[PDB]
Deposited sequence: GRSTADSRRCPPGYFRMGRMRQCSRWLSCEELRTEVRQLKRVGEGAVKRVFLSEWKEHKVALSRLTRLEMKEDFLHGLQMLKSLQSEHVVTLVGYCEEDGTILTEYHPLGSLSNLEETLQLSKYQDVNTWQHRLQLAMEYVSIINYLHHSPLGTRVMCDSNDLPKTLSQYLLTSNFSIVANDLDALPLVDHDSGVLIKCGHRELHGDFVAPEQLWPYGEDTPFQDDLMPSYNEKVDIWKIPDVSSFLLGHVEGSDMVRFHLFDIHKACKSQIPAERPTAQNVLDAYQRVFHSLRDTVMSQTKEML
């Protein structure tokens, strides 16, 4: 579709986004899931209706919407309509839900290492697109553990992955910092950890900023999750150890680009 247009289901042609007047009159709310998200319907289409919960985040809502508008692609959920006055956004609904439900969802004829590895190639394709997005290099900042990282992606009925939550996408080039609290653990990139030791208490203004290599650090965790434990999973992990080792490089500049990881994933896929 051209910019400003959507299409879903058996629609043969692209329709212009819905405006305040259509969301106000043509959308029947169904049941509450999940921004307060509602499963809804617009004529024959199940759609997601997110309403701004607290007016104090009117800018975290708008800049997520602007991010959603510019980044419409095969990697991002389909924007159907929005209304700035109501603080409301309409998107295409996906019954299979988050990437978190993957294991529950996969119990099928697509429960193979081939499909899970291609699922992993799809995840890296989103990261690669985000790093070369129309709005510049964007970082998926709200990925501090595995459940939260997967919660931001949806599984479509064709078993593809799309990014859904775009409310924490800062711009690199200009460095970035994911929040203003101290981050801990190993799921985050080590450059996201406080670098100055216990004798200097953490202080956000002294925390050095970083770039999009923090996304690369987290690829193996998501890819290993998608591979799961089916016949061939450990075979794929064997062939992915060294590329995942490069992703876990302590020095960010030594980590490969998302494009590199995808190329390696594709050579490993075809080889097996």
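Colleague: Which segments of the deposited sequence lack C-alpha coordinates in the modelled structure, numbering from residue 1?
Modeller: According to the record, the gaps fall at 1-9, 44-47, 121-124, 191-194, 294-305.
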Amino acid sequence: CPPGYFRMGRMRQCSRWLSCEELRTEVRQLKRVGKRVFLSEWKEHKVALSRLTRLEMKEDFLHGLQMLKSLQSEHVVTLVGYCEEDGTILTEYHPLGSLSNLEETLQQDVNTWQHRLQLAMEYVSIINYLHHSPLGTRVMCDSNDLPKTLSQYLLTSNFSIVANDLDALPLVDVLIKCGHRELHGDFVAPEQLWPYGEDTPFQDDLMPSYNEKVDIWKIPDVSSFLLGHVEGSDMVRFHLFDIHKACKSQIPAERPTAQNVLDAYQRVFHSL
From here on, numbers count along this sequence of modelled residues.
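Colleague: Per the PDB record, is the mean Cα temperature factor higher over 110-118 or over 123-131?
Modeller: Looking at the recorded C-alpha B-factors, 110-118 comes out higher on average.
Colleague: Tell me which stretch has the larger mean Cα B-factor in this entry, 251-259 or 11-19.
Modeller: For C-alpha atoms only, the mean B-factor is higher in 11-19.
Colleague: Tell me, please, which of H75, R138, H184, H180 has the highest C-alpha B factor according to the deposited entry?
Modeller: Of the options given, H180 has the highest CA B-factor in the PDB entry.
Colleague: Say you rank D145, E191, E92, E84 by Cα B-factor from the PDB entry; which sits at the top?
Modeller: Of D145, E191, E92, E84, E84 has the highest C-alpha B-factor.
Colleague: Compared with the other modelled residues in the chain, in which third is the CA B-factor of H239?
Modeller: CA B-factor rank for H239: lowest third.
Colleague: Would the CA B-factor of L79 place it in the lowest, middle or highest third of its chain?
Modeller: CA B-factor rank for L79: lowest third.
Colleague: Pull the Cα B-factor of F38 out of the PDB entry and bin it into the chain's lowest, middle or highest third.
Modeller: Highest third.
Colleague: Please place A163 in the lowest, middle or highest third of its chain by C-alpha B factor as given in the entry.
Modeller: Lowest third.
Colleague: Determine, from the deposited record, the chain-internal third of the Cα B-factor for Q203: lowest, middle or highest.
Modeller: Middle third.
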